[PDB]
Amino acid sequence: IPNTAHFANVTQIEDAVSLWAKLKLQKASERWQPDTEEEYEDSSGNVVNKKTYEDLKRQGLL
Amino acid sequence: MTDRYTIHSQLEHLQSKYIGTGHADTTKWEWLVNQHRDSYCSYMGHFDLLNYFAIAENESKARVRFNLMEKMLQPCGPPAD
Amino acid sequence: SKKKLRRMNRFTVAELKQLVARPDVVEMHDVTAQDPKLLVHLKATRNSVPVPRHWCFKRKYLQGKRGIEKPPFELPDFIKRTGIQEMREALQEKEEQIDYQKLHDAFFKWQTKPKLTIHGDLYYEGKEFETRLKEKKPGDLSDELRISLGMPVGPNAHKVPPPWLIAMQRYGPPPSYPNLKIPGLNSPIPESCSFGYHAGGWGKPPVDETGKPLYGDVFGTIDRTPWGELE
Amino acid sequence: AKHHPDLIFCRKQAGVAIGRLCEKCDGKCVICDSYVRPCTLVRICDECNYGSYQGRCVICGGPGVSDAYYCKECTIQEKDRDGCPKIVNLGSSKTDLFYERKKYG
Amino acid sequence: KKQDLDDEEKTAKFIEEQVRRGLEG
Amino acid sequence: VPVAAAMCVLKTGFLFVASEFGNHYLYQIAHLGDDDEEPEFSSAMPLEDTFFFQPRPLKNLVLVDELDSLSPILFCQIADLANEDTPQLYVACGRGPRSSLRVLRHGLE
Amino acid sequence: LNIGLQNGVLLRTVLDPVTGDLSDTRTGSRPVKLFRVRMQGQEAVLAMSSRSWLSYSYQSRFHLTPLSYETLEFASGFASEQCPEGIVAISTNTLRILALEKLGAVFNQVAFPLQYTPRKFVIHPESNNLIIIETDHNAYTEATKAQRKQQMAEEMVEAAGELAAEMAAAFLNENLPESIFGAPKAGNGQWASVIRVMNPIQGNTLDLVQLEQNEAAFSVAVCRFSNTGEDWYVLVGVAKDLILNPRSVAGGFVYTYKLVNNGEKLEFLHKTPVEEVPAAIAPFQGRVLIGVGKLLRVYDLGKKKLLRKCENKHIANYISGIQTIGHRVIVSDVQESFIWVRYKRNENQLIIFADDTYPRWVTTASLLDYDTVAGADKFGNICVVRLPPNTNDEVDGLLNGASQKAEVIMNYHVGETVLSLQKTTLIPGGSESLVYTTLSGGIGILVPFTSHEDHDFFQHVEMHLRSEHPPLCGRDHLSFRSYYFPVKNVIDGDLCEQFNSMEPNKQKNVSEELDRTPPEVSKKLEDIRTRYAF
Amino acid sequence: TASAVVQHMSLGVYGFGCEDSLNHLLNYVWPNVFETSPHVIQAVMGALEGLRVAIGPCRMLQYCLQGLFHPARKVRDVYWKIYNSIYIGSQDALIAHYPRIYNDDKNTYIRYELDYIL
Ligand SMILES: [Zn+2]
Ligand SMILES: [Zn+2]
Ligand SMILES: [Zn+2]
């Protein structure tokens with residue numbers, strides 16, 4: 029766990045690990061995963077994650 | 174003791190003289206409700222915010238004024254205790 | 044019993060950080076409020092200004108500051124241009140044993156504003172000696188740092204080699220700071236600088252065996268007018 | 022006034038009767054207790070102008086000699102809207118000085 | 002007086018410009 | 014008549030109706046509106062239902078005049094959409110069925 | 087005396103044994119001939135150079151207003167029983183007996199009717215037509231109204247009574263024009279919207295689209311996606327099941343239309359659902375920014391449905407409008423303020439880099455230049471906010487806001503909600519000004535000074551007038567203009583231009599306080615209006 | 008004595024656009040707000056209401072928020088005294104300035120009429 033101002037007044041190990049779960053999830057949401065969320069144009073006329081699109085792109089065909 | 178009760182009398186009297194001031198034990202509920210009620214009197218005042226709501230909804234300014242003054246009674250739900 | 048009832052329902056600092064959307068904002072004392080939730084929400088709003096730090100300090104405010112000696116107040120330089128320092132010294136010294144156009148120009152023609160803190164800058168004991176930090180910027184330098192290095196200060200500092208630019212070009216820049224660009228190392232030598240080994244050289248451009256730079260680019264390979272301005 | 026915190030004002034509804042000050046006190050604002058820039062006139066509560074008190078120095082209690090005004094500040098922050106500023110307590114100062122007088126001479 | 006002269010010149014500028022624009026018109 | 018923020022019935026049988034939005038109006042009263050077939054409701058007639066009635070175009074007034082007004086002004090854009098070189102204002106304004114898009118210019122009609 | 091040259095300019099002057107004072111304007115490069123008529127209770131002058139200019143001291147003020155009519159060779163006054171007051175005017179091979187309308191009301195107008203409250207409208211730049219979206223909460227779209235009408239007629243017949251007496255078809259024929267009999271309309275959550283392409287010269291509605299019942303339209307933009315060709319497209323945000331006062335939605339959609347037939351026909355492409363009411367849309371470097379709810383997305387046009395090319399989810403409350411200069415983007419949200427935002431392209435991010443230090447319920451905004459934005463407010467104010475000089479455009483907290491904040495350099499309480507701010511020039515060759523209109527119907531302008539001399543002068547005019555001619559109702563003018571945030575860097579034109587109507591002795595008090603004469607001062611007032619505006 | 012100065016200065020500069028420096032002087036003045044000797048506490052309060060008319064109440068409100076509900080009671084006393092002295096003046100201007108406060112289960116604390124979007 030990074031020692032940051034969010035953990036001020038946390039003395040118990042269980043509280044630090046837990047608080048960590050919620051904080052990790054929140055920064056998870058605010059951060060934007062481009063590849064995980066971007067929408068790419070299937071040439072027929074479909075939409076799929078940019079990561080899958082580039083993978084398949086090379087992936088013999090796409 | 175003396176401080177607490179003289180400041181308590183001064184705050185109760187200043188408040189009964191000005192509706193909406195506060196004192197060191199004002200609760201979230203009274204704060205928020207006085208703050209609504211003032212918003213309401215001020216919408217009915219400024220001739221214009223009235224026009225804004227009466228166009229956003231599609232009511233007429235008399236009906237809008239009436240609903241505001243209806244709500245000014247208990248605007249933030251029923252009290253807390 | 045009622046005080047104890049509120050105490051019994053009182054939250055831990057961990058619980059108050061937990062439910063609350065922002066947990067840092069939460070101080071050890073906020074748990075003692077009537078409403079933990081409203082107080083943390085009010086400390087978690089933008090542009091608000093936190094309560095001054097010395098509310099709990101058992102000692103007094105600037106009474107605690109006390110003991111060291113302080114130099115007398117230093118006049119704004121434009122008042123100092125008048126020299127009223129010298130006139131006061133001469134009259135005072137004679138007793139101890141000024142024209143008016145300069146004063147009017149000093150107040151209007153050449154008076155300029157100081158440096159002032161924006162909203163949220165509270166004063167606290169030590170803020171005048173607080174060390175300005177966080178400046179992770181490699182480009183910013185000093186004149187005391189340049190001189191105490193023996194490196195030139197002023198407008199030639201850019202062509203005055205920082206002694207660790209040669210170690211930047213030798214081990215890479217400081218590895219904790221990949222984002223560090225060094226002029227003449229990852230950006231071109233500044234204007235009129237010259238790479239070289241003579242007193243004042245910029246070393247040799249960091250280079251691979253095909254002719255591309257291993258760090259940055261050692262050679263350097265809208266309508267911003269305001270709207271309504273006076274004339 | 023701002024100088025003896027033990028003093029009180031009438032604080033009822035203002036009226037139409039103007040307020041007057043003794044020659045002794047004259048020249049000042051009633052509240053900001055300065056001496057400058059008189060802007061607007063004082064008005065006093067109906068009671069505080071009833072009876073013998075027609076024309077009395079609001080502060081000193083004595084004879085009316087001139088009009089009582091409001092400083093530019095007090096009228097800018099609108100402290101001039103609190104009704105009669107008539108001071109309905111005499112205050113310790115006048116009493117004690119008179120008493121020591123009667124003692125001495 | 003200099004300010005008077007100045008604004009006289011300002012107006013002359015205005016008229017000249019607007020009339021030369023009319024001239025292209 | 015479109016909803017009013019204040020009517021005022023003069024002498025001389027006029028009636029100035031200041032619609033709260035849009036144009037104003039000035040009517041005059043040509044029938045005091047009695048003795049016809051319009052059924053009159055009352056305090057006294059019982060029902061237990063509400064009496065009904067049926068709207069109809071004007072009979073007892075006549076529209077003498079009509080004052081122009083802009084209020085409200087929900088959008089405005091200054092532009093040159095005709096040949097001319099002075100830009101007009103395209104002010105889309107109104108409320109509900111009486112709304113309009115107005116074009117304004119400097120000038121007198 | 088009035089002086090007309092033959093290069094279109096004209097002079098006024100007051101008459102004495104000598105010509106004492108002067109002031110002159112332009113009236114067209116063709117020779118300026120002057121004529122006399124009496125009008126609306128005053129004699130006043132005509133003048134034609136290339137259009138007709140009626141000059142009259144409007145209750146003691148020269149207003150010189152053009153007319154709306156064709157050029158002239160000659161004319162003169164005229165009165166009749168047929169035309170009780172007007173003009174004989176001989177003109178391009180024509181004679182005309184004319185009459186002049188309301189001699190107030192600086193502006194003309196002409197009105198084309200609509201159906202709903204028109205929330206927004208944009209101009210198609212090629213064809214010069216308007217795309218207007220109209221909406222109404224608490225109403226009925228045309229479909230549902232006709233259906234429900236006939237349906238009520240169906241439950242009329244079931245009365246089972248003499249069956250014979252049929253008001254059914256009578257009713258169903260009866261439609262009172264809603265424009266005059268009210269909007270036969272109600273419901274609490276029930277919206278109804280409409281899109282219309284409308285030509286601005288003649289009132290004809292070139293085209294019309296009627297959305298479903300509970301669909302409302304909130305924002306529209308006219309762009310040209312870079313990937314496809316030169317086809318223009320129309321995007322129309324849309325909310326679905328808005329409830330106003332509690333607040334909750336089903337969700338949004340973004341209708342897309344092809345704008346074919348040189349700009350005269352909308353035709354559908356596809357509608358892409360979206361997870362809140364997209365409240366404002368803007369074109370931006372070939373792709374369209376869309377602020378939905380609290381998030382700010384960069385979208386790009388696919389042929390199935392709109393696609394998402396980038397995003398940001400830090401924006402505070404709810405996004406009310408968005409503006410973009412070439413590189414960076416001024417989001418403007420409903421409570422917090424303007425929020426600047428930078429679009430790092432290659433790395434494909436939107437980064438928040440600086441924003442305002444006040445809370446300010448922005449309604450509309452407008453970009454003066456790179457640094458500064460001028461924003462209205464919903465309570466009535468106008469603020470102008472500029473980024474301080476040294477800021478770093480490009481980064482990757484502070485007071486819970488972003489790292490560097492934006493200073494405020496003008497505050498002013500107009501008086502009425504300001505719903506549309508825009509910077510432009512009205513007269514030809516007259517200097518750029520900032521035109522606002524309001525929700526009561528007023529149209530005002532703000533005007534930048536150029537010279538400290540004049541700025542200080544007007545400052546002293548108004549400062550003295552303030553105290554020597556206080557408002558009627560007893561308000562204190564400085565306070566009034568400083569209702570919400572204290573006034574800063576603005577001079578009030580309607581205090582100053584009341585000098586002309588004060589009483590002459592007091593006119594003199596002031597005029598001497600600046601050591602000028604009432605005529606001098608009055609002319610110096612009439613400049614700024616003369617040269618910036620009407 | 009420094010606090011008296013700021014009072015009068017801000018009352019004189021009312022309306023002229025010199026607010027940045029008044030704001031900076033307010034930042035130094037604010038911390039004395041916890042004090043005891045009546046002459047200084049009363050000079051400070053005077054200064055604060057002067058600064059109210061010269062900065063606006065949006066500013067004083069931002070300064071006065073975090074302690075309206077502090078756990079202490081000496082501070083809550085001081086802060087509610089200041090916040091009253093504001094609210095009495097300019098209780099109308101304060102309408103467009105209150106922060107947005109999230110509603111809980113059994114009440115409704117948000118004013119929605121203010122974001123009726125047009
Ligand atoms: Zn005073
Ligand atoms: Zn009294
Ligand atoms: Zn006296």
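If you read the sequences in order, they're chains A, G, P, C, H, B, S and E. Using the working numbering, you'd call the opening residue of the first sequence number 29 and step up by one each time. Using the working numbering, you'd call the opening residue of the second sequence number 174 and step up by one each time. Using the working numbering, you'd call the opening residue of the third sequence number 44 and step up by one each time. Using the working numbering, you'd call the opening residue of the fourth sequence number 22 and step up by one each time. Using the working numbering, you'd call the opening residue of the fifth sequence number 2 and step up by one each time. Using the working numbering, you'd call the opening residue of the sixth sequence number 14 and step up by one each time. Using the working numbering, you'd call the opening residue of the seventh sequence number 87 and step up by one each time. Using the working numbering, you'd call the opening residue of the eighth sequence number 8 and step up by one each time. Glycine residues also receive a C-beta, built at the ideal position from the N, C-alpha and C atoms.
Residue j beta carbon less than 8 Å from that of residue i
{"i": "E18/H", "j": "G90/S", "result": "no"}
{"i": "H37/B", "j": "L74/B", "result": "no"}
{"i": "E361/S", "j": "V384/S", "result": "no"}
{"i": "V415/S", "j": "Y429/S", "result": "yes"}
{"i": "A56/A", "j": "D67/P", "result": "no"}
{"i": "residue 303/P", "j": "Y258/P", "result": "The question about residue 303/P has no answer, for chain P in this structure spans 44 to 274."}
{"i": "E502/S", "j": "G528/S", "result": "yes"}
{"i": "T115/E", "j": "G193/G", "result": "no"}
{"i": "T203/S", "j": "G107/B", "result": "yes"}
{"i": "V20/E", "j": "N39/E", "result": "no"}
Closer than 7 Å: residue i CB and nearest ligand 3 heavy atom
{"i": "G74/E", "result": "no"}
{"i": "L42/C", "result": "yes"}
{"i": "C92/C", "result": "no"}
{"i": "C469/S", "result": "no"}
{"i": "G85/C", "result": "no"}
{"i": "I52/C", "result": "no"}
{"i": "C99/P", "result": "no"}
{"i": "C78/C", "result": "yes"}
Alpha carbon of residue i to alpha carbon of residue j, nearest angstrom
{"i": "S56/B", "j": "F64/B", "result": "11 Å"}
{"i": "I437/S", "j": "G110/P", "result": "48 Å"}
{"i": "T25/B", "j": "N207/G", "result": "49 Å"}
{"i": "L520/S", "j": "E260/S", "result": "49 Å"}
{"i": "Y123/E", "j": "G275/S", "result": "14 Å"}
{"i": "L125/E", "j": "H25/C", "result": "55 Å"}
{"i": "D601/S", "j": "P590/S", "result": "15 Å"}
{"i": "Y143/P", "j": "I127/P", "result": "11 Å"}
{"i": "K491/S", "j": "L29/E", "result": "18 Å"}
{"i": "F88/B", "j": "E212/S", "result": "21 Å"}
heavy atom of ligand 2 below 7 Å from residue i C-beta
{"i": "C31/C", "result": "yes"}
{"i": "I161/P", "result": "no"}
DSSP bridge partner residues for residue i (one or two, in chain order)
{"i": "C50/C", "result": "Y90/C"}
{"i": "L42/C", "result": "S87/C"}
{"i": "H149/S", "result": "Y142/S"}
{"i": "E220/S", "result": "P204/S, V280/S"}
{"i": "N194/S", "result": "Note: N194/S sits in no beta bridge, so no partner."}
Cβ neighbours of residue i in the same chain (closer than 6 Å, five flanking residues each side left out)
{"i": "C81/C", "result": "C43, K45, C46"}
Cβ neighbours of residue i in the same chain (closer than 7 Å, five flanking residues each side left out)
{"i": "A307/S", "result": "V208, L321, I367, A368, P369, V374"}
{"i": "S177/S", "result": "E156, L158, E159"}
{"i": "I411/S", "result": "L453, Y456"}
Residues of its chain near residue i, where Cβ-Cβ distance is below 8 Å and the 5 sequence neighbours each way are ignored
{"i": "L507/S", "result": "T450, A451, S452, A460, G461, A462, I468, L520, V521, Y522"}
{"i": "residue 7/B", "result": "Residue 7/B lies beyond the range of chain B shown here (14 to 122); nothing can be said about it."}
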